[PDB]
Amino acid sequence: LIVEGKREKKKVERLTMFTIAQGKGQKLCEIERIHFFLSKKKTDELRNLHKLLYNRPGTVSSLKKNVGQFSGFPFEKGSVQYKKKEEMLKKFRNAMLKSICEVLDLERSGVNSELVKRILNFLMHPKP
Amino acid sequence: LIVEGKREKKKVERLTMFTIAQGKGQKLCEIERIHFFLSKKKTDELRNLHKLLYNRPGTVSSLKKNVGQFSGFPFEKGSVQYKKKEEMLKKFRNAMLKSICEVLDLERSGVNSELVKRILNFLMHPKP
Amino acid sequence: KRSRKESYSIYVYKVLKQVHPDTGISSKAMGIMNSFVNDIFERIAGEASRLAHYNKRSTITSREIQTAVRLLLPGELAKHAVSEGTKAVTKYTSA
Amino acid sequence: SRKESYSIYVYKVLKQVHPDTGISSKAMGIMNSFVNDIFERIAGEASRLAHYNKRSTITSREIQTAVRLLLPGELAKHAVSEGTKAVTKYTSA
Amino acid sequence: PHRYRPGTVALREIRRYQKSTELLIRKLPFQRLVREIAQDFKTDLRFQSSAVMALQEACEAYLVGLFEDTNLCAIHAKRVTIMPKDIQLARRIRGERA
Amino acid sequence: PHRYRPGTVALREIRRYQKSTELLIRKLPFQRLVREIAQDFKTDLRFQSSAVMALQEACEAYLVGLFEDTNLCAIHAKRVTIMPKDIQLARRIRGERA
Amino acid sequence: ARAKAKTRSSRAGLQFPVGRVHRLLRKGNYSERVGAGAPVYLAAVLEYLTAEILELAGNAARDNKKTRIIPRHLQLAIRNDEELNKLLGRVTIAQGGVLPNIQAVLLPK
Amino acid sequence: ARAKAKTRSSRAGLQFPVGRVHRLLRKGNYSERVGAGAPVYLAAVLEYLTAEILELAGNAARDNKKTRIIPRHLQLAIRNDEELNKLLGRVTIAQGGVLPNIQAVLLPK
Amino acid sequence: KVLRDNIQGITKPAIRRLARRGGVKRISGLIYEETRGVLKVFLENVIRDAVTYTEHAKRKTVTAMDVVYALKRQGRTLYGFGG
Amino acid sequence: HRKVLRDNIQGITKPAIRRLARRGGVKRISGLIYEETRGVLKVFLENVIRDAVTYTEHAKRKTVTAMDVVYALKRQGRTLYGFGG
DNA sequence: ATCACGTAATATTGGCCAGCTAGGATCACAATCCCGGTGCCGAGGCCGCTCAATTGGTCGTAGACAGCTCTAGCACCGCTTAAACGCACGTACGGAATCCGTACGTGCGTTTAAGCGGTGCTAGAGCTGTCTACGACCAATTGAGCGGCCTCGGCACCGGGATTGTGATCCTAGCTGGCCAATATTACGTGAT
DNA sequence: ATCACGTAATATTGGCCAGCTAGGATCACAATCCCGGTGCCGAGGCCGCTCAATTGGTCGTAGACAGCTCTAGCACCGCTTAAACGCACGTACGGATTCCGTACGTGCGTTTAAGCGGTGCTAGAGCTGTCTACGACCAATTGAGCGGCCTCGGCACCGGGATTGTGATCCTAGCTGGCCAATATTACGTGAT
């Protein structure tokens, strides 16, 4: 019954309660063609693209500039991220895909699956 | 100390934890000029237009159908609602206002204050 | 041989037949009501003892019981309990 | 008339635990209320135990059980130890 | 072909297990648990049936009231699903210091 | 020239009134309130100063703990601000109901 | 030389046992001494509370078309009364169950 | 011829009063009869708890470089110890304030 | 005479202070009346129990020990007032 | 005669916790609720059974009775009726 | 005379220039911390004196202990399903992102009444003395309550119909995509440089 | 040989028909409900007994009551000043909306172990009797404890200096808006038909 020692002092446990991933290639703001298109384009269009790029829409203010800062996708062809972007692209209306091609200087003439492939190759390596 | 009736049972108090306002004018869907624009347009420019007509932006699918049924603004020139829309127009970027003019068949060549006045007059009485 | 235990069962039966003559009660419910009686008894008697101690008095009388009731039982319950207790004490003193 | 308290005993314990330290009247009133509260808790549990086991007597065993029930954790252990030691000493003399 | 939409069965189960009074934990496992716990306080123990049944009634009423408070906390958070944070909050408030 | 942004002076006041122990309700108003309440239970009553001081200490401690629980409920609702619903929840869980 | 026995409960117009309550008060070490009106008062209070509980429980049973009270009926009577639920708020009844209470926000629209 | 008297406290090696505790147990109406070791054991328990609190409070007071103990120091000791805060949970201490505890979410970023 | 409308002596800034001591940063405007009601309830109960203990002591004066017993009853034991 | 009974908390199964919740008015339940509830229950049971075994040893019994459990809960402030409370 | 088309005025848009805004760095000021110094008032000690603690003895009885009865707990077994588990799948939910409106925080100037001290009065707390009604106690008496036994009433459970809530399916309606026809772009042969 | 131009093959785009999705209404399935018959077992009644309740008398003392003191609660005034109040203003917060993914919910087939009933053993609850050690009680003792009084030191507060921190201001870089000039469009004059 007699504990020969000091008592341990316990403590009460109280109930406590925009990273641009830089990819491979060139920024969409440096590429003369794309930069000229964004200048001619508007905040509206980049709402769908900012969703496609960073999986979230963007502030009417920090939208066009952040999309221009997009320098590529740091992941490679066949990654889980590549497949997840390809499905997103397949889920976009053909008119949207044609608008995204026009913002990236890609040819708007083509089948849905080709517009998807040509946008997805460009978003890996944005080339002037 | 002595009462005269029966107990008055006291009941326990348990702790209990898209209207299109039709205005004065022709629907934007029945105006073939504007309707042809929306057909040529995509859910982005209409998204800017709706963040303006009903205060809150709509859904990709609804956005479209909702802008289609705008019957005009039911309020008159000088109302608190007219002033509150005029300020929301003054707070839009000049590229947006030019995109809204193009969705309403309005001339995109004017000073900010004129684009504001020409959109606001159209949104009272949408005329073919 | 001889085994004896006490409860309040028959008194609860009697009260029941006073208020609900054509109604009955099960054994489990009767045990619950027995526990309720014993609980409220212990509560009242403990409050009464503490009252007598606070006032340095050696006796528990109708006053201490009445105060313990008014303190433990809530609202109209306390008023009607005091009424019943006073009526019973009155009838008892008129022996 | 003279009122009772636990003050001097708390001052003795303190001097044994902090000979450099003192204590204010208000703190002493708090310690007095604490002592009286603990006393009432332990004695109530001891009486209740005796009654449950139909005993008329409160002994060191009842107090030790009430301590086990009320004081929590290593506190209970070191209180049982200190009480057993004190009872042993008292019995030796 | 018939399938119920999520929620409908849950509400039916709520109505059911509130209309009812039987114990909801199985008795054998709860008994084994009681004995497991008691082994750490004293060895070679024995339990009356009424004792285990009492522990069971008490632990079920306790968990039921806890889940009531937890549902209240959840609803407070504009949710419908209860989460561990809700339980920790209900306990921290009831005075159990979770 | 200088103007603190909302929430700064509040944290400062928090650190202040937590470093300290003085009663935060003015005495005379509390005393008048106590006498008002008591006058509904018995008339021509008298209060020792110690009794009023005890009632004040008790009330402040009670409301302080209530506001702790209320701030916890609020935070749980993803809200910095406390609202009456938070108090009602805290009390319903505490057992004070209402 | 001895009068006909008349129990204290009968002298008070009660059903609960006054003698037994006297005995329990004396054997509970509640007080060195116990007045004569104390057990009477206490038995009358217990009888009133018992009658209240049983009235409400029998009403509940009759609402379920039952002639026989069971623990659930007691739970209903208690939790539906403001005073009893306050008196017995820290109390658990075996096989009493709960009061049907689905929060509104869970019901569909 | 009368032996010199030493208090029951000395015989037990305590600073608390054993005679006072035996008197309160006798005058507290806890039981008809009271053993001899009961007040000794109880006084030793009270002495132990007092000493535990005074150790913690004196530590807290030295932290604030204060030599005298005040209610705030007792509150700090109690609430900062888990076992004491457990036993003294519902206990309210006048002029003892509360523990500095600001929830993180309220802090700026 | 008779005191009236003395609950309002528990003023907005006093409730604000109490909250701050409770760790509160932002406060609605309805919190003040809710708190006044909560406090009036608490005091009604404590003072009912205290006045009861008093009459039972045949006193016309409320003491601190009466208040201490009342709080102990509400389950809110208080130290430093003769406990 | 004597065998250790390990991993008996898991006998408080997911559907049983689900039932308890339903009796508490719960509609939707996370997946972590189950372990949190098992821990809560093990704590409650540890305390109640500690107090009951204490009352037992005090009574010089080796068997835990219903009165021991009732006194223990009554102590924890969770009075229970139906077992002789 | 009508139509087609070169040229000039008007209108629209790209380049240039200027203004505006967001982010980062710097500074000014203002709350917090440190350090003495100091007057104060409450802790800490001292003293004598009362009543609670103590020593000693005796005696009744609480409960420790042994012994016996027998209840109830425990271990084991074997079926018999009902519940639990694993898994597939899809939808409602939680979380995150965005935005807007305004409620609450902050600060200033004005008003209020808390606080503090001093003064005067008197209710009632607290104590003492008294005397007595009332509770404890004992012995004898006795009837209510407890246990055992029995025997039917309440209730659960089931099977057969009725109603209702929920989900799946069908119908009418709107929007978008693949296919087809018309037309623009590009490769190639021929002519010019 | 390279390049401009007309022709032919290849390719793109507008229109149309068809496919797909939304909303409302209809219909079938399942759950909930009700309603009568059955048996089953626990509720409720009866009876002998015993022990706990009642009765009547004696006695001591706990507490009601009266009287005095004096402590302390109340009331009231005036001054000071910090707190409360009221209002202006704007930031940060709460609420609403949208969207997206996936975590739960639901259904199904398989597994597993809970539940039930039955057998055997046995530890330990529960009761009784013996008796001793222990506690209660009283009388004399006495010394610890406590109230009153004094006196220094811990501390709370003031002023000065210093440090940390927050808010505001300033500078740098990028984007947006306006203005001006170049170029496309439209109207009139002129050439061809």
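Basis for what follows: all heavy atoms, side chains included, without hydrogens, waters or symmetry-related copies. Convention: sequence-line order gives letters A, B, ...; per-chain numbering from 1.
With hydrogens and angles ignored, a donor-acceptor pair closer than 3.5 Å exists between the side chain of F/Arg3 and the base of K/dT106. With hydrogens and angles left out, the side chain of D/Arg2 and the base of L/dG145 share a donor-acceptor pair within 3.5 Å.
In this structure, C/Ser27 reaches the sugar-phosphate backbone alone: every heavy-atom distance under 4.0 Å involves primed, P, OP1 or OP2 atoms, never a base. Looking at heavy-atom distances under 4.0 Å, D/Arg61 makes no contact with the nucleic acid at all. Nucleic acid contact for F/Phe30: none, since no nucleic acid atom lies under 4.0 Å from a heavy atom of the residue.
Checked against K/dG115, K/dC74, K/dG167, the side chain of F/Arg26 finds its nearest nucleotide in K/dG115. Nearest to the side-chain atoms of C/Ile10 among the listed nucleotides K/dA43, K/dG73, K/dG145 stands K/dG145. Here the side chain of E/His2 is nearest to one of L/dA62, L/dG115, K/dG167, namely K/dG167. Counting only heavy atoms from C-beta on, I/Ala14 has its side chain closest to L/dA84 among L/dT91, K/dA125, L/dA84. Set against L/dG95, L/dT106, K/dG94, the side chain of F/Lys85 has L/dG95 as its closest nucleotide. The side chain of J/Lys27 approaches K/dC93 more closely than any other nucleotide in the set K/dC93, K/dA62, L/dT98. Listed nucleotides K/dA114, K/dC33, L/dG135 differ in distance to F/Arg32; the shortest reach to its side chain belongs to K/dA114. Nearest to the side chain of D/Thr57, among K/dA62, K/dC100, L/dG63, sits K/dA62. Comparing atom distances between the H/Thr67 side chain and each of L/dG154, K/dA114, L/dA92 picks out L/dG154 as nearest. Comparing L/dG135, L/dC155, L/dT176 by their closest approach to the side chain of H/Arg68 singles out L/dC155.
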- Please walk me through it: do F/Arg16 and I/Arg20 pass side chain to side chain contact (heavy atoms under 4.5 Å, CB included)? CA-CA 9 Å; F/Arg16 177 183 167 187; I/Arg20 302 272 190 255; over 6 Å; no
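Listed by first residue number, the stems of DNA chain L with at least three Watson-Crick or G-U pairs below 3.5 Å are K:1-3 with L:191-193, K:6-10 with L:184-188, K:12-28 with L:166-182, K:31-52 with L:142-163, K:54-193 with L:1-140.
Only one option out of A/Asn55, A/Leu63, A/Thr43 pairs with A/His50 in a side chain to side chain contact (heavy atoms under 4.5 Å, CB included); it is A/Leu63.
Side-chain contact annotation: I/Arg16 with I/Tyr32, donor-acceptor N/O pair under 3.5 Å present.
Partners of F/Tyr4 under the ring pair (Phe, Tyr, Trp, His ring centres under 6.0 Å) rule, at least two apart in sequence or in another chain, are F/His2.
Each of E/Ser50 and C/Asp22 was assigned the nucleotide of DNA chain K with the nearest heavy atom; the assignment lying further toward the 5' end belongs to E/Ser50. Map E/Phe47 and F/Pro1 each onto its nearest nucleotide of DNA chain K; the residue landing nearer the 5' end is E/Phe47. The residue among A/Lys84 and E/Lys27 whose nearest nucleotide of DNA chain L lies closer to the 5′ end is A/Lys84. Each of D/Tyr6 and H/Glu32 was matched to the nucleotide of DNA chain L holding its nearest heavy atom; the match closer to the 5' end belongs to H/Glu32.
Considering only side-chain N and O atoms, J/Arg18 lies under 4.0 angstrom from the phosphate OP1 or OP2 of L/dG105. Between K/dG94 and E/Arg79, no contact under 4.0 Å exists linking OP1 or OP2 to a side-chain N or O. Remark: G/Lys66 is in phosphate contact with K/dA156, judged by side-chain N or O atoms under 4.0 Å from OP1 or OP2. The shortest distance between the side-chain N/O atoms of B/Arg108 and the OP1/OP2 oxygens of K/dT13 is below 4.0 Å. Listed pair C/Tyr13 / L/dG45 meets the phosphate criterion, a side-chain N or O lying under 4.0 Å from OP1 or OP2. Considering only side-chain N and O atoms, I/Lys12 lies nowhere under 4.0 angstrom from the phosphate OP1 or OP2 of L/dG86. Applying the 4.0 Å criterion to OP1 and OP2 of L/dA168, one finds that F/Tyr4 has every side-chain N and O outside that range. A sub-4.0 Å separation between OP1 or OP2 of K/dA84 and a side-chain N or O of J/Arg19 is present. In this structure, I/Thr11 reaches the L/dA84 phosphate: one of its side-chain N or O atoms is under 4.0 Å from OP1 or OP2. OP1 and OP2 of K/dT166 both lie 4.0 Å or more from every side-chain N or O belonging to E/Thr8. Residue E/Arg16 places no side-chain N or O under 4.0 Å from the OP1 or OP2 atom of L/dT32.
Nucleotides K/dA31 and K/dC108, compared at atom P, are 10 Å apart to the nearest Å.
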Using a cut-off of under 3.5 Å, enumerate the N/O to N/O pairs linking the protein to nucleotides 50-61 of chain L.
from: L/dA53; atom 1: OP1; to: G/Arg23; atom 2: NH1; distance (Å): 2.6
from: L/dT54; atom 1: OP1; to: G/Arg8; atom 2: N; distance (Å): 3.0
from: L/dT54; atom 1: OP2; to: G/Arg8; atom 2: NE; distance (Å): 3.0
from: L/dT54; atom 1: OP2; to: G/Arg8; atom 2: NH2; distance (Å): 3.3
from: L/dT54; atom 1: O2; to: G/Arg2; atom 2: NH2; distance (Å): 3.0
from: L/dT55; atom 1: OP1; to: G/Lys6; atom 2: N; distance (Å): 3.3
from: L/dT55; atom 1: OP1; to: G/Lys6; atom 2: O; distance (Å): 3.2
from: L/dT55; atom 1: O4'; to: G/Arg2; atom 2: NH2; distance (Å): 3.0
from: L/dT55; atom 1: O2; to: G/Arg2; atom 2: NH2; distance (Å): 3.1
from: L/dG56; atom 1: OP1; to: G/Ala3; atom 2: N; distance (Å): 3.3

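Between F/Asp44 and I/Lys60, no side-chain nitrogen of the basic residue sits less than 4.0 Å from a carboxylate oxygen of the acidic one, so the salt-bridge criterion is not met. Under the 4.0 Å criterion applied to side-chain N and carboxylate O atoms, I/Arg59 and I/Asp66 are assigned as salt-bridge partners. H/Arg20 and D/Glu4 are not joined by a salt bridge, as no carboxylate oxygen comes within less than 4.0 angstrom of a charged side-chain nitrogen.
Atom CZ of A/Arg56 has more than 12 heavy atoms from other residues, nucleotides or ligands within 6.0 Å.
Atom CG in A/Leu52 sits 9.0 Å away from atom CG in A/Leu97 (nearest 0.5 Å). Here D/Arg61 contributes atom CZ and D/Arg55 contributes atom CZ; the two are 8.5 Å apart, rounded to the nearest 0.5 Å.
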